[PDB]
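Structure file protein-v6.json; described as JSON, C-alpha atoms.
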[["chain", "number", "residue", "atom", "x", "y", "z"],
["A", 1, "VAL", "CA", 126.11, 178.10, 59.71],
["A", 2, "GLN", "CA", 123.65, 177.63, 62.61],
["A", 3, "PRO", "CA", 121.26, 174.70, 61.83],
["A", 4, "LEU", "CA", 117.63, 175.37, 60.81],
["A", 5, "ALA", "CA", 114.74, 174.77, 63.22],
["A", 6, "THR", "CA", 112.98, 171.41, 63.13],
["A", 7, "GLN", "CA", 110.10, 169.85, 65.11],
["A", 8, "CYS", "CA", 112.57, 168.14, 67.45],
["A", 9, "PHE", "CA", 115.18, 169.37, 69.85],
["A", 10, "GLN", "CA", 117.64, 168.45, 72.55],
["A", 11, "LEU", "CA", 117.96, 170.54, 75.68],
["A", 12, "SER", "CA", 121.23, 170.38, 77.61],
["A", 13, "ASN", "CA", 122.18, 171.34, 81.18],
["A", 14, "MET", "CA", 118.71, 170.61, 82.56],
["A", 15, "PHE", "CA", 120.10, 168.44, 85.37],
["A", 16, "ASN", "CA", 123.29, 166.82, 86.58],
["A", 17, "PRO", "CA", 122.79, 163.18, 87.52],
["A", 18, "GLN", "CA", 125.74, 163.32, 89.96],
["A", 19, "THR", "CA", 124.08, 166.06, 92.07],
["A", 20, "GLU", "CA", 120.33, 165.42, 91.70],
["A", 21, "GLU", "CA", 118.98, 164.52, 95.09],
["A", 22, "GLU", "CA", 115.16, 164.47, 94.96],
["A", 23, "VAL", "CA", 113.45, 161.12, 94.57],
["A", 24, "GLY", "CA", 111.49, 161.31, 91.32],
["A", 25, "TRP", "CA", 113.51, 164.21, 89.90],
["A", 26, "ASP", "CA", 113.54, 162.96, 86.32],
["A", 27, "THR", "CA", 109.77, 162.63, 86.14],
["A", 28, "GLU", "CA", 109.37, 166.03, 87.71],
["A", 29, "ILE", "CA", 111.45, 167.46, 84.84],
["A", 30, "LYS", "CA", 109.31, 165.64, 82.30],
["A", 31, "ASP", "CA", 106.08, 166.91, 83.78],
["A", 32, "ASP", "CA", 107.45, 170.46, 84.14],
["A", 33, "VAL", "CA", 108.58, 170.60, 80.52],
["A", 34, "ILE", "CA", 105.16, 169.36, 79.40],
["A", 35, "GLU", "CA", 103.50, 172.08, 81.49],
["A", 36, "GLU", "CA", 105.81, 174.73, 79.98],
["A", 37, "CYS", "CA", 105.18, 173.53, 76.46],
["A", 38, "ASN", "CA", 101.45, 173.75, 77.16],
["A", 39, "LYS", "CA", 101.90, 177.50, 77.71],
["A", 40, "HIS", "CA", 103.24, 177.68, 74.14],
["A", 41, "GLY", "CA", 102.59, 175.22, 71.29],
["A", 42, "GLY", "CA", 102.38, 171.88, 73.03],
["A", 43, "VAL", "CA", 104.38, 168.70, 72.75],
["A", 44, "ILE", "CA", 103.90, 165.23, 71.30],
["A", 45, "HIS", "CA", 106.90, 163.26, 72.71],
["A", 46, "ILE", "CA", 109.42, 163.84, 75.47],
["A", 47, "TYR", "CA", 112.25, 161.79, 76.98],
["A", 48, "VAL", "CA", 114.45, 162.75, 79.91],
["A", 49, "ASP", "CA", 117.74, 160.88, 79.57],
["A", 50, "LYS", "CA", 118.37, 160.50, 83.26],
["A", 51, "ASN", "CA", 121.82, 158.95, 82.69],
["A", 52, "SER", "CA", 123.11, 161.84, 80.60],
["A", 53, "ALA", "CA", 126.13, 163.65, 81.98],
["A", 54, "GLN", "CA", 125.11, 166.69, 79.89],
["A", 55, "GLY", "CA", 121.57, 166.90, 81.29],
["A", 56, "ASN", "CA", 119.79, 166.06, 78.03],
["A", 57, "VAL", "CA", 116.06, 166.18, 77.43],
["A", 58, "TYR", "CA", 114.58, 165.29, 74.04],
["A", 59, "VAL", "CA", 111.36, 166.89, 72.78],
["A", 60, "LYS", "CA", 109.20, 166.59, 69.68],
["A", 61, "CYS", "CA", 106.60, 169.29, 69.07],
["A", 62, "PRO", "CA", 103.63, 169.32, 66.67],
["A", 63, "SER", "CA", 105.17, 171.88, 64.30],
["A", 64, "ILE", "CA", 108.35, 173.83, 63.80],
["A", 65, "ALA", "CA", 106.59, 176.94, 65.10],
["A", 66, "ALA", "CA", 105.69, 175.08, 68.30],
["A", 67, "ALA", "CA", 109.29, 173.89, 68.70],
["A", 68, "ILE", "CA", 110.66, 177.41, 68.30],
["A", 69, "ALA", "CA", 108.28, 178.66, 70.99],
["A", 70, "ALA", "CA", 109.33, 175.92, 73.41],
["A", 71, "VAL", "CA", 113.03, 176.37, 72.70],
["A", 72, "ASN", "CA", 112.67, 180.11, 73.25],
["A", 73, "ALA", "CA", 110.90, 179.58, 76.60],
["A", 74, "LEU", "CA", 113.45, 177.11, 77.94],
["A", 75, "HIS", "CA", 116.86, 178.08, 76.62],
["A", 76, "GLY", "CA", 118.61, 180.87, 78.45],
["A", 77, "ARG", "CA", 117.52, 179.85, 81.91],
["A", 78, "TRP", "CA", 120.38, 179.08, 84.25],
["A", 79, "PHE", "CA", 120.73, 176.11, 86.51],
["A", 80, "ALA", "CA", 123.71, 175.90, 88.89],
["A", 81, "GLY", "CA", 125.60, 178.46, 86.79],
["A", 82, "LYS", "CA", 125.11, 176.60, 83.48],
["A", 83, "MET", "CA", 122.79, 177.82, 80.77],
["A", 84, "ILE", "CA", 120.03, 175.64, 79.35],
["A", 85, "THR", "CA", 120.87, 175.28, 75.68],
["A", 86, "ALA", "CA", 118.94, 173.83, 72.79],
["A", 87, "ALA", "CA", 119.96, 172.12, 69.58],
["A", 88, "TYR", "CA", 117.55, 171.15, 66.84],
["A", 89, "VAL", "CA", 117.66, 167.50, 65.86],
["A", 90, "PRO", "CA", 116.98, 166.28, 62.34],
["A", 91, "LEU", "CA", 113.77, 164.28, 62.09],
["A", 92, "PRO", "CA", 115.40, 161.06, 60.83],
["A", 93, "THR", "CA", 117.91, 161.14, 63.69],
["A", 94, "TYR", "CA", 115.18, 161.72, 66.28],
["A", 95, "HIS", "CA", 113.01, 158.99, 64.85],
["A", 96, "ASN", "CA", 115.89, 156.48, 64.86],
["A", 97, "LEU", "CA", 116.44, 157.15, 68.54],
["A", 98, "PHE", "CA", 112.73, 157.28, 69.50],
["A", 99, "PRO", "CA", 110.80, 155.14, 67.03],
["A", 100, "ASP", "CA", 107.53, 155.56, 69.05],
["A", 101, "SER", "CA", 107.63, 159.29, 68.24],
["A", 102, "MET", "CA", 107.34, 158.62, 64.52],
["A", 103, "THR", "CA", 103.62, 157.96, 64.49],
["A", 104, "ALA", "CA", 102.66, 160.25, 67.36],
["A", 105, "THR", "CA", 100.51, 163.19, 66.25],
["A", 106, "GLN", "CA", 98.26, 164.05, 69.22],
["A", 107, "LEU", "CA", 99.21, 166.55, 71.87],
["A", 108, "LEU", "CA", 100.16, 165.63, 75.43],
["A", 109, "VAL", "CA", 97.60, 167.80, 77.20],
["A", 110, "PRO", "CA", 96.92, 166.28, 80.62],
["A", 111, "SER", "CA", 93.22, 165.49, 81.16]]

Do you think you could lay out the structure here as structure tokens?
Amino acid sequence: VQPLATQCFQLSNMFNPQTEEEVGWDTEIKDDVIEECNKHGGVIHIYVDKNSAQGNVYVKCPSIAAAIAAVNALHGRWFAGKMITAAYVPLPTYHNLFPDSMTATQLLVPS
């Protein structure tokens, strides 16, 4: 079936490294996704994989409810004719990839 929601997710189609042209684009994505999450349930870890051919961004939220809200805000937007899609990532998989996220529990809410 479709996998169950978790605290962690992967967005796809957020960018295309071959066509991005603005200096600082990957940080702009990071900061934008933080701002969007802070209109919903917040965020505790984020990584923009700027090398990814699939336009992947990785996010960990403080709860499953917060992740659902972020996923529902971001998926279904369209960039260059491709849809932003989300896949939930199992916690052990996410933590293997981003070990700094394992102990993070406070929200990224810019001062």

Contacts of range 26-43 of chain A at 10 Å (all atoms listed in the file; same-chain gap of 6+ positions) as a count of residues only:
33

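Here the question is which of A:47, A:1, A:25, A:54 gets nearest to residue 83 in chain A using all atoms listed in the file, and that residue is A:54.
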
For residue 2 in chain A, please output as a VMD selection string all residues within 12 Å (counting all atoms listed in the file; exclusion window: fewer than 6 positions along the same chain).
chain A and resid 86 to 88

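Take the candidates A:53, A:104, A:46, A:80 and check each one against residue 10 in chain A using all atoms listed in the file; the shortest distance goes to A:46.
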
Pick out the residues sitting within 6 Å of residue 12 in chain A, and hand them over as a PDB file with C-alpha atoms, in the coordinates of the input; count all atoms listed in the file, and ignore anything fewer than 4 positions along from it in its own chain.
ATOM      1  CA  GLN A  54     125.110 166.690  79.890  1.00  0.00           C
ATOM      2  CA  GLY A  55     121.570 166.900  81.290  1.00  0.00           C
ATOM      3  CA  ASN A  56     119.790 166.060  78.030  1.00  0.00           C
ATOM      4  CA  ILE A  84     120.030 175.640  79.350  1.00  0.00           C
ATOM      5  CA  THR A  85     120.870 175.280  75.680  1.00  0.00           C
TER       6      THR A  85
END

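Here CA of residue 81 in chain A and CA of residue 97 in chain A stand 29.5 Å from one another.
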
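With all atoms listed in the file as the atoms that count, the minimum distance from residue 100 in chain A to the choices A:75, A:4, A:9, A:45 is reached by A:45.
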
Rounded to one decimal, what separation in Å do you get between CA of residue 79 in chain A and CA of residue 23 in chain A?
18.5 Å

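CA of residue 52 in chain A to CA of residue 16 in chain A spans 7.8 Å [interatomic distance, one decimal].
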